[PDB]
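In this note's numbering, the protein residues as written are 84 to 388. Written out below as structure tokens is the structure these notes cover.
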Ligand code: SF4
Ligand SMILES: [Zn+2]
């Protein structure tokens, strides 16, 4: 890397060791930040890993609902973030008011909230799910009808796999990063006839349908353990390409299209250094939010394994 960035990385690691921080980074952080992190993964993987740590201070590198997820499950640890504006546009479009409107219209349908959702919305969820476990969570629920949000694509995917009725909220709730074009897959089928295409379930239906595999980032990681393909084309955010290439240096990983989450890219070497220097910004939740949000997480845990 550029020599100046090297010096920033060195000072970041000096400060985190000095001040007793563990650094957690999401799969979609820039490579330089994945590289300095102690652990890199999806939101739940990170929140759970943190629960095993003896350190009491976490520098979280991702977006707000994820840092808050870490805080909800590690409420006695100090969690900081470099940029308080780093957020999830898809998650923020669902509001507690919208959930309320739907609970009343469909009083016998459990509210299943994807982990990509604001902490406030989680207080009103019956159960949380991840993109990896959503299908099995919904299958295990006794109701044949669920309210599901905030992603319409994941909801629709769940409906296909479970055969249950899924009422997705809010209307056209989606992730823009995962809105790949189906013709991009057609182009890879011609270019790389032996490559396997793996996409996220937040992708739209004709993208999912043309893929060899549909899975969460955690699932993408595991696929090349068993699949012997030399080339994987990956339908998710570009940060995952770095993660995959590091894990499987013997294969190639091609992004299906260049997809960048602007909010994820808000964290930089500069503001990560500043966060360790100043130990800001702390993630602080009202007690009511930590307790209420935690219940549908715990319920997910109960249903799932
Ligand atoms: S990638 Fe899509 S889902 Fe993940 S944070 Fe960015 S917008 Fe939200
Ligand atoms: Zn260099």
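In this text, a Cβ means the ideal position worked out from N, Cα and C, and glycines have one as well.
Nearest-angstrom Cα separation, counted from residue j out to residue i
i: residue 62; j: residue 245; result: The structure shown has nothing for residue 62, since the chain only spans 84 to 388.
i: residue 228; j: residue 95; result: 49 Å
i: residue 342; j: residue 263; result: 8 Å
i: residue 93; j: residue 194; result: 45 Å
i: residue 335; j: residue 111; result: 18 Å
i: residue 276; j: residue 297; result: 19 Å
i: residue 326; j: residue 355; result: 19 Å
i: residue 151; j: residue 279; result: 35 Å
i: residue 168; j: residue 346; result: 8 Å
i: residue 311; j: residue 215; result: 22 Å
i: residue 187; j: residue 249; result: 16 Å
i: residue 142; j: residue 318; result: 28 Å
i: residue 316; j: residue 344; result: 18 Å
Option nearest residue i by Cα separation, candidates the options
i: residue 302; options: 294, 286, 282; result: 282
i: residue 162; options: 149, 171, 335, 173; result: 149
i: residue 206; options: 372, 381, 340, 132; result: 372
i: residue 300; options: 99, 272, 104, 109; result: 109
i: residue 192; options: 201, 198, 200, 182; result: 182
i: residue 90; options: 242, 257, 119; result: 119
i: residue 102; options: 359, 292, 368; result: 359
i: residue 309; options: 331, 122, 364; result: 331
Closer than 8 Å to chain D by CB, residue i
i: residue 86; result: The chain inventory of the structure shown lacks chain D, comprising one protein chain alone.
For residue i, the three-state DSSP class (helix, strand or coil)
i: residue 232; result: strand
i: residue 320; result: coil
i: residue 245; result: helix
i: residue 352; result: helix
i: residue 384; result: helix
i: residue 213; result: coil
i: residue 252; result: coil
i: residue 123; result: strand
i: residue 160; result: coil
i: residue 280; result: strand
i: residue 367; result: coil
i: residue 362; result: coil
i: residue 154; result: helix
query: Do the region 310-328 and the region 235-242 meet, that is, are 3 or more Cβ pairs less than 8 Å apart?
result: no
query: Which residues, in chain order, sit with a beta-carbon under 7 Å away from any heavy atom of ligand 1?
result: 111, 146, 171, 172, 173, 174, 199, 258, 259, 260, 261, 285, 320, 344, 346, 347
Neighbourhood of ligand 2 [Cβ distance below 6 Å to any heavy atom], ordered by chain position: 84, 89
task: Taking 8 Å as the threshold, find out whether the region 253-271 comes into contact with the region 201-216 through three or more Cβ pairs.
output: no
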